[PDB]
Amino acid sequence: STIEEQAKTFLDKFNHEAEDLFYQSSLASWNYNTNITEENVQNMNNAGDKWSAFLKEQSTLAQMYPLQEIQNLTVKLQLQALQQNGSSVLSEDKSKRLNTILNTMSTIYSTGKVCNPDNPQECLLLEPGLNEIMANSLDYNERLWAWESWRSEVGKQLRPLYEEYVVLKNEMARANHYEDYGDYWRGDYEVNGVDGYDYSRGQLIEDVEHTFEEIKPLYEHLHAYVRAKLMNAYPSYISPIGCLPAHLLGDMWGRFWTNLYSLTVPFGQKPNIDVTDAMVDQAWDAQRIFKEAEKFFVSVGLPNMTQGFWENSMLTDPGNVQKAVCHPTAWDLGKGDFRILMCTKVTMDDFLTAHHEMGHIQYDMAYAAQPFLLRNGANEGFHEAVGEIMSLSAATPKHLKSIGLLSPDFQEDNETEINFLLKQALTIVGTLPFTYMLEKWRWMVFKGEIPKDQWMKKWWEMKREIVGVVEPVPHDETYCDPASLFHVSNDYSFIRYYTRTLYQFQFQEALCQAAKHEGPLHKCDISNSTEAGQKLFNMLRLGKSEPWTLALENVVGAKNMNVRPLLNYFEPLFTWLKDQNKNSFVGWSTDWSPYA
Amino acid sequence: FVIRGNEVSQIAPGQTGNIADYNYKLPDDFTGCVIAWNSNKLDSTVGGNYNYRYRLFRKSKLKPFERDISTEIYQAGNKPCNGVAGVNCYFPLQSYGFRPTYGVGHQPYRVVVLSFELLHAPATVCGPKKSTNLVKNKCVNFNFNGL
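Calculation notes
By convention in this text, residue numbers begin from 1 on each chain and track the written sequence, not necessarily the entry numbering, and residues missing coordinates are not displayed. Chain letters start at A and ligand numbers start at 1, both assigned in the order the entries are written. These chains belong to a larger assembly; all numbers given describe just the chains displayed. Side-chain metrics rest on all non-hydrogen atoms present in the structure, leaving aside hydrogens and water. Secondary structure follows DSSP: runs of H or I at least 4 residues long count as helices, runs of E at least 2 residues long count as strands, and numbering of each begins at the N terminus. The size measure is the radius of gyration over C-alpha atoms, and the globule rule it meets is 2.2 Å times the number of residues to the 0.38 power. Any pair of residues with heavy atoms lying within 4.5 Å of one another is described as a contacting pair. Here the quantity called buried area is the accessible surface, traced with a 1.4 Å probe, that two parts lose on coming together, added over both. One side-chain nitrogen of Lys or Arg within 4 Å of one carboxyl oxygen of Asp or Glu is enough to make a salt bridge. Two N or O atoms count as a polar contact when they lie within 3.5 Å, although within protein this holds only if one can serve as hydrogen donor and the other as acceptor, and sequence-adjacent residues are included solely when both atoms are side-chain atoms. When the sulfur atoms of two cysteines come within 2.5 Å, that pair is taken as a disulfide. UniProt positions are given in the numbering used here, feature names are shortened, and annotations may be inferred rather than shown by experiment. Per-residue accessibility, obtained with a 1.4 Å probe over protein chains only, is compared with the maximum for each type, and a residue is labelled buried under 20%, exposed over 50%, and partly exposed between these values. Take the buried residues of types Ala, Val, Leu, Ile, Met, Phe, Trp, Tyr and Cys, join any two whose side-chain atoms come within 4.5 Å, and each joined set is a nonpolar core. By this rule, a helix spans an expected 1.5 Å times one less than how many residues it contains. To obtain an axis, a line is fitted to C-alpha atoms, over the contacting stretch when the element is a helix, and the angle between two such axes runs from 0 to 180 degrees between their N-to-C directions. Here roughly perpendicular refers to angles of 65 to 115 degrees, roughly parallel to angles under 35, roughly antiparallel to angles over 145, and oblique to all remaining angles. Definitions for this section: a left-handed crossing has its near helix turned counterclockwise from the far helix by less than a right angle. A right-handed crossing has that turn clockwise. We call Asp, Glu, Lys and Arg charged. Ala, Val, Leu, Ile, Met, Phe, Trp, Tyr, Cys and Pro are nonpolar, and the rest, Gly among them, are polar.

1. Points about the overall build of chain B
So, step 1. Within chain B one finds 2 helices and 4 strands.
So, step 2. Mapped from its N terminus to its C terminus, chain B presents α and β elements in the order β-α-α-β-β-β.
So, step 3. Its C-alpha atoms give chain B a radius of gyration of 22 Å, clearly above 15 Å, the size a compact globule of 147 residues would have.
So, step 4. A separation of at least 24 residues holds for 69% of the contacts in chain B among residues at least 6 apart in sequence.

2. What to know about the interface of chain B and chain A
Put simply, an interface is often sized by how much accessible area is lost when its parts join up.
So, step 1. At the junction of the two partners, chain B supplies 22 residues and chain A supplies 20 residues.
So, step 2. Approximately 1,900 Å² of surface area, both sides summed, lies buried where chain B meets chain A, with 49% of it carried by carbon and sulfur atoms.
So, step 3. Our count for the contact surface shared by chain B and chain A stands at 1 salt bridge.
So, step 4. The residue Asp-20 of chain A makes a salt bridge to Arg-99 of chain B at a minimum N-O spacing of 3.6 Å.
So, step 5. Linking chain B with chain A are 7 residue pairs in polar contact, by the criterion used here.

3. Some thoughts on the UniProt feature "disulfide bond" in chain A
So, step 1. With its sulfur atoms 2.0 Å apart, the UniProt disulfide linking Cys-115 of chain A and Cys-123 of chain A appears as an intact bond in this structure.
So, step 2. Take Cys-115 of chain A: its relative accessible area is 32%, and that puts it in the partly exposed class.

4. Concerning the UniProt feature "binding site: chloride" in chain A
Residues and elements named next belong to chain A.
So, step 1. As recorded in UniProt, the sites labelled "binding site: chloride" are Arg-151, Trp-459 and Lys-463.
So, step 2. Counting through the fold element by element, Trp-459 comes out in the loop between α20 (431–445) and α21 (460–467).
So, step 3. Other than its neighbours up to four places away in sequence, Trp-459 contacts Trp-441, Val-445 and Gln-454.
So, step 4. Locating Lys-463 in the fold gives a position in helix α21.
So, step 5. Its relative accessible area of 3% is what places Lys-463 among the buried residues.
So, step 6. Contact partners of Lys-463, with chain neighbours within four places excluded, come to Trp-455, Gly-468, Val-469, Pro-474, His-475, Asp-476 and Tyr-479.

5. Notes on the UniProt feature "disulfide bond" in chain B
So, step 1. Sulfur atoms of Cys-81 of chain B and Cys-89 of chain B, annotated by UniProt as disulfide partners, sit 2.0 Å apart, under the 2.5 Å cut-off for a formed bond. For the pair formed by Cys-81 of chain B and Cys-89 of chain B, the shared burial category is buried.

6. Structural notes on the side chain of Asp-43 of chain B
Residue and element names in this part refer to chain B.
So, step 1. Checked against the element boundaries, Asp-43 lands in the loop between α2 (18–23) and β2 (53–55).
So, step 2. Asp-43 gets classed as buried once you look at its relative accessible area, which sits at 16%.
So, step 3. Beyond its immediate chain neighbours, meaning those up to four positions away, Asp-43 contacts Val-2, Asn-49, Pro-108 and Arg-110.

7. Some points on the nonpolar core
So, step 1. Grouped together as the largest cluster of nonpolar side chains are 11 residues: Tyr-23, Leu-27, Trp-30, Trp-331 and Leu-341 of chain A together with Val-2, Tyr-54, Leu-56, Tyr-96, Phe-98 and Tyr-102 of chain B.
So, step 2. The greatest single-element share of this core, amounting to 3 residues, is contributed by helix α1 (residues 3–34) of chain A.
So, step 3. Apart from the residues within four sequence positions on either side, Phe-98 of chain B is in contact with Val-2, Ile-3, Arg-4, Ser-44, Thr-45, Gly-48, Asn-49, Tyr-52, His-106, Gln-107 and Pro-108 of chain B.
So, step 4. Counting residues in hydrophobic clusters, the runner-up holds 8 residues, among them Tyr-363, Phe-382, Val-386 and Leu-540 of chain A.

8. What about α20 of chain A?
So, step 1. In this model, α20 of chain A (15 residues) spans 22 Å end to end at C-alpha, consistent with the 21 Å of a helix rising 1.5 Å per residue.
So, step 2. Residues of α20 of chain A that are buried: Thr-431, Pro-433, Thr-435, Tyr-436, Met-437, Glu-439, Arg-442 and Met-444 of chain A.

9. Brief notes about the packing of helix α10 (residues 211–232) of chain A against α20 of chain A
Residues and elements named next belong to chain A.
So, step 1. Running from N to C, α10 and α20 cross one another at 130 degrees; their axes reach a closest spacing of 11 Å. Of the possible angle classes, the one that applies to α10 and α20 is oblique. You can see that α10 and α20 cross each other, and the crossing is left-handed. Of the residues in α20, those in contact with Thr-211, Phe-212, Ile-215 and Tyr-219 of α10 are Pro-433, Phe-434, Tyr-436, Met-437 and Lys-440.
So, step 2. Its residues placed into classes, the contact of α10 with α20 shows 7 nonpolar, 1 polar and 1 charged.

Pasting the structure below:
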């Protein structure tokens, strides 16, 4: 009888629609893995982004209201996350034109026909799968020149389209304040139209000389060491002067540098460190058998209730006998069926994604009868606790090595240990400038008012390092295709793991000094930490209304002053990592550095 | 009848798909029209439309104007899997599973094939949704159901 009840009913209808759309994404993948067909990819291009139009309705009632200051902290955070300002300036006809252009260009890009078993290495790089298998060949010259030729022949004719896109944006892009699309899921990260926790103009105009020049020597040393490792440890098959190979980055962005630890092994034929016996024999996953076998004697005597053997039914070949081209769309309805939708390849990024998916589905078995408002957590700290912690706990090879289920053929040398130490050292402040520079770069590039007179100083390395496109002189601006990469659809920005650069350090201090297992402080042991990552499940249902992790503001410290004790704590290790190489010049940074 | 929305993209000349290859054979000289729109509030139920079932594959392609009146047991493998979904064997019958709030790409999409059929009898059926008005006492041209 009131407008509030109708609004609540409409919100429930929207939640049901979102749940049913997720069920659609799951069921289409189920059917297309039950049948030999691929046309479902078409539904990715057209249907998906269409849903975004419906979101517009919410904005129509979300801007003028002063409802942004709800008294409850959790409700306020949820409303900040789910009701960002968005791009509401476009009109209906303009929005329709933009949507049609987006659909047409996405269809053109995603329909790359050149990906087939007969192709040596040139497949659709947009879709992973077999592409990382047949392309594992020593013909680096072909791998580079064929790729650059394909990029040229697919991008040179698109220049007028990108120019018209740019000029269409530029009429109002100076006041849109749109930097990252990932806010669609985490709009609380950046605040548009008013000052917030991000870098405002007054803060940016000061940070470009204090923090920039404070971290410039560190970034200089870091990427100088990276260049030395890349042109010296690797064979000099090509001149270091030429552009770096983009295949080393692994993914399109290359932000996950830890993937280098996965791809540190050039070989791909002989067996590696993985459970592949069932894949060779039965062509199916074998982790479920291990999970079943690691539970028959780990009882705690008198459990409150049992939730470990709900699915006692035996299932063989739960899907396709032979796997088709893989695509990440893992989602299960549950309670009436459970099938593995995600593939399994040699990539720790896939491992971390699948661990998060497994945690979310484990949430789903308990929260399928709950509204979408409380279905997923608000703070990223919950996902961090239920995410990479489990991967780090399971990354210990001691448990698999002690049992001795496979052949006793194992190899380990000093190089592997040094690589492990370097990977651990990549999870500290060293990685911070690399991501901060990318964030600042992406924020400034979408303004259109920065002068373009100078390009050799802070723009010559963009084309040479990130994309690696070979050009006579990189004096151009119209080539900025990666800034509008397809992943804007799925919002896979990794800023949600940003705090992992800091928070996971503190947790180490909780254990590295307490447990102090056999071994010096150089290599801290994290063995048998899976119980620590599993004990949190005992009260997640109870603590739904009082999230303790949201209250503390330990994520950030104090930007208004320099904390002296928190700047020289690990100086002996930092200086050792800094001045170890002899090619690093000591002192003032020379204006002309051809080798930097 | 009703089909899955994605199968609309499957039915095409020379293309693959469940409907084109295993359910219905497109005539080479098909004459007619297919009218379809979202039947979310009509062909779907809140409680779950689990009654509908379909068959993944059939041994022989269904001929035009042929109705599959058989639901025999299917054994896709060379060994008696006895209907167990496993190695080299599949379960012939699967559920449709239509719900009201389905996405457009996979809604219970309508299918209305108005196949013009020439049997051994003169015409007796029409669809004349065009009948205009009528004027009298003026020299005009008139048509009444063919005359």
